[PDB]
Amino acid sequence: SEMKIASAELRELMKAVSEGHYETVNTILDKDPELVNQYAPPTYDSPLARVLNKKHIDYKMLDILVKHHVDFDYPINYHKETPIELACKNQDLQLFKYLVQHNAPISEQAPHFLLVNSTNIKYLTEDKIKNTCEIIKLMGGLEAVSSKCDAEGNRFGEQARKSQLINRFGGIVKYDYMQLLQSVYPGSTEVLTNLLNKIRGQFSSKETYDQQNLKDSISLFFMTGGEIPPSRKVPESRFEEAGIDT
């Protein structure tokens, strides 16, 4: 439940969660079980957020919150992303299946978070494509997932087929992420590597072309200090009034 200001007890719990104090977290949640799902918009800091937004998730700590009935239906970072959406954004199959086993809700737009890093050539790898296939597999199938919308009318399949790569000069290279997904969806580990190297070669060619022609006409003012490459932002679905007006 929403708690704008974290109480002293909730900070104490979240402190123990971040510090990896397994016994303290367990003992806190034993006496005060209502603390497990208290989040603070717009940051959405919460016991769950302290374990989910780490490079390497401490699933031993995550199991503790699961034992005290943590839920996965509320945003867990200031991007207002649900736990499943964060798993799709990172294409983290380990976290994604862990959540689906623990009955985490999969929003309709959750597949569209698989594509936020589809603008980065460095993410067009075998494991990332395989992980996405293992993720789309658990969400049904390529055809079942390709139909889901993103709160802007755009469908996953149309988005994956109309993907693009951005270089550090702002130039784009259009490619087909669905075809990359379709080329391996459970020999094929060579069809993809040829498709990837075709795109890897086309990206490197366009990046050299834009270095000579685009120069920093885009990058200097519109990309400095931003994400490089700029992520494919999923359209905003969860809206919240400002505190100055509430």
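Numbers follow the displayed sequence, beginning with 1.
- Going from residue 186 to residue 187, you skip over 10 or more residues of the deposited sequence that the entry leaves unmodelled.
- Higher mean CA temperature factor, per the PDB entry, when comparing 70 to 78 with 133 to 141: 133 to 141.
- Between 121 to 129 and 164 to 172, it is 121 to 129 that carries the larger average Cα temperature factor according to the deposited entry.
- Ranking 215, 198, 206, 54 by the C-alpha B-factor listed in the PDB entry places 198 at the top.
- Among 193, 43, 211, 46, the highest C-alpha B-factor in the deposited entry belongs to 193.
- In this PDB entry, residue 27 carries a Cα temperature factor that places it within the middle third of its chain's modelled residues.
- In the deposited entry, the Cα temperature factor of residue 36 sits in the bottom third of values across the chain's modelled residues.
- Residue 64: CA B factor in the lowest third of modelled residues in this chain (values from the PDB entry).
- Among all modelled residues in its chain, residue 104 ranks in the middle third by Cα B-factor.
- Among all modelled residues in this chain, the alpha-carbon of residue 149 has a temperature factor (C-alpha) in the highest third.
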